[PDB]
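Notes to accompany the following structure.
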Amino acid sequence: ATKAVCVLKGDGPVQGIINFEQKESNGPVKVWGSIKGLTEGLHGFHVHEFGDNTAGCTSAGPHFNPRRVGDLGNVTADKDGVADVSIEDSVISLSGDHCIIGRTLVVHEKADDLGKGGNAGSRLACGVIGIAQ
Amino acid sequence: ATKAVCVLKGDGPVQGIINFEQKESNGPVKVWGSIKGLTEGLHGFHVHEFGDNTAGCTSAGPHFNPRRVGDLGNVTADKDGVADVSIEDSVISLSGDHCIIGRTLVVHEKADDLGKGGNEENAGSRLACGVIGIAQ
Ligand SMILES: [Zn+2]
Ligand SMILES: [Zn+2]
């Protein structure tokens, strides 16, 4: 398993395809793609524990955390509502204990302040992360 | 005990939830749930290789086979178009080489004749599918 993909969907217009690639076991995972239908600005971007969409994104459960492992920061939507995603992350994995295959990728309503807010709302869209060609 | 779950959806009315449970890594996998929106009768029931929903059920690629590993026989819909599923399989797994987590469960248009259709000389289109996810 060196490649994965996730199709994000929700009750609103938020949708996108997010690719994952990890060329070396235990190596960094590159995450890239595009999300549209977002409000301009920052949106929390997280892997949640369960790849369970039985009740929409709510059944994905909590932030994945065997920074939390699943915490992928924010994505940034432009004035057109489009977020172009290009991240490299050394904590998530496509195998082993930190493997995110079969878990859920979520884009949030609000910005994640990363715990540095000086003193991220609903789940707009999600999908199960699957093995890709 | 590993647990997995799959929500099936597709281009038409076919929808369902299928659960997986495997008590030990070398034990059988119980598969159970229900699918609705089906024509009465048999429908091929397969794990396909890729958990890729970029193109409906088509991007799932081929039948999973590292009978084929992904071949889970057929499911049987009743007169209400509902197939109640309860299967035990000792070839698929929720870990290791035959792991189906991150792959795609597919329910087909037609029966899979299981290679016993009587003409050595077929499941048809994919009605619904879902990526198989880790469950609580
Ligand atoms: Zn989150
Ligand atoms: Zn098939």
Side-chain angles (χ1 to χ4, degrees), chain A residues 6 8 10 14 18 31 35 38 42-53 56-65 67-75 87 89 91-92 100 103-115 117 120-129, chain B residues 6 8 10 14 18 31 35 38 42-53 55-65 67-75 83 85 87 89 91-92 100 103-115 117 122-132:
Chain A
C6 181
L8 301 167
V14 177
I18 298 292
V31 187
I35 305 165
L38 287 170
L42 297 169
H43 293 269
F45 200 46
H46 307 135
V47 182
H48 286 244
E49 184 170 14
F50 307 117
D52 182 336
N53 189 235
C57 310
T58 306
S59 44
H63 219 108
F64 175 54
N65 195 28
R67 68 159 272 183
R68 294 147 166 191
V69 170
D71 174 359
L72 296 186
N74 286 294
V75 295
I87 302 171
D89 187 283
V91 178
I92 60 170
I100 62 175
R103 311 196 182 268
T104 294
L105 182 69
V106 174
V107 53
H108 283 273
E109 180 190 15
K110 298 187 181 182
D112 192 324
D113 70 9
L114 309 189
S122 79
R123 300 174 187 188
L124 300 184
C126 63
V128 184
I129 301 158
Chain B
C6 181
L8 304 158
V14 177
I18 293 303
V31 181
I35 307 172
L38 291 165
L42 296 161
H43 296 272
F45 195 48
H46 302 149
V47 181
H48 282 243
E49 185 168 3
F50 302 114
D52 184 331
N53 186 218
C57 301
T58 289
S59 40
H63 202 128
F64 179 49
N65 190 49
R67 53 158 273 210
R68 291 171 273 187
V69 170
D71 179 348
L72 293 176
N74 289 291
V75 296
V85 176
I87 284 164
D89 195 87
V91 183
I92 50 166
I100 61 170
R103 308 197 184 271
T104 294
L105 185 61
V106 177
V107 59
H108 282 272
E109 181 196 357
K110 308 206 298 172
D112 188 312
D113 68 12
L114 302 188
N122 218 298
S125 76
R126 310 175 183 182
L127 300 185
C129 60
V131 180
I132 297 169

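We use all heavy atoms of the structure for the numbers below, so side chains are in, but hydrogens, waters and symmetry mates are not. Note that ligands are numbered from 1 as they come in the structure, with each ligand's atoms numbered from 1 the same way. Convention: sequence-line order gives letters A, B, ...; per-chain numbering from 1.
Put simply, the side chain of A:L105 reaches to within 4.5 Å of the side chain of A:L72, judged on heavy atoms. Side-chain contact between A:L8 and A:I18 is present, with heavy atoms from C-beta onward closer than 4.5 Å.
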>> Would A:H108 and A:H48 count as a ring pair (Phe, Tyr, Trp, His ring centres under 6.0 Å) here? Give the steps.
In response: CA-CA 11 Å; A:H108 283 273; A:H48 286 244; 5.5 Å; yes
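Every residue was checked against the side chain to side chain contact (heavy atoms under 4.5 Å, CB included) condition with B:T58, not counting sequence neighbours, and none meets it. Scanning for side-chain hydrogen bond (donor to acceptor under 3.5 Å, both in side chains) contacts around A:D71 gives an empty result, with sequence neighbours left out. In this view, A:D89 and A:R67 satisfy the salt bridge (charged side-chain N to carboxylate O under 4.0 Å, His left out) rule, not counting sequence neighbours.
Excluding waters, the set of protein N, O or S atoms lying under 2.8 Å from the Zn ion (ligand 1) comprises A:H46 ND1, A:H48 NE2, A:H108 NE2.
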